[PDB]
């Protein structure tokens, strides 16, 4: 029975963990201010939709990272027989506790933020509703199944079956980004900025399942602290700079996206 307080103190006293988390909370807040200021000029409703959708990314990120830092969305789980992190221990409170400190809260960051990124990119590319619906539903399925994998402690094999379903959903999102929206952006007159954001999104997103497989959730070659910093670095690019690049464009081309 680990308390939220003990997990909160655990993040603290842990150099890599505390920094990877609190640094994103600060970068998330600064992004919001920068983005709100960068977009005060917008007037086109559609251009503003792309703007707000994008601003929600760091908004979800600051709130979600606070969920982790606070200890609210953190748990200690025991990995099943065969798992490379099975048998691990953690010092919480005044005793050694079996298990791994699991930052499941990240999956909430992803479930709520990724759809916004997709909504922004889809609108930017001039996507019809079918593709937006397809990309977003499967993106959500990808995040939720990823969370289920991280939460499964009954069977090592089951954790990886979850991982495989999540990857299949990932592929659907990738196909829309790489093939469908790439084409739609041409008709939208945003093919250039879309290619840039598209490349950045694909490379960064491909990084998450890699970190998962290598971190404590996977084969654990990366300690709980390094797994967290890997994710945090990826978020900075996939979220904060991605958002800046998109907004930097929008604010100079409000006329191009001003449609229906």
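Numbering follows the first chain given and starts at 1.
For the pair 234-242 and 9-17, the mean Cα B-factor is higher in 9-17. Per-stretch averaging of Cα B factors for 70-78 and 85-93 places 85-93 on top. Within the group 49, 57, 222, 210, the record's highest C-alpha temperature factor is found at 222. Residue-level temperature factors show residue 99 in the highest third of its chain, judged at the C-alpha atom. In the PDB entry, a CA B factor belonging to the middle third of its chain's modelled residues is recorded for residue 62.
Among the modelled residues of its chain, residue 33 has a C-alpha B-factor that falls in the highest third, as given in the PDB entry. Residue 206: CA B factor in the lowest third of modelled residues in this chain (values from the PDB entry).
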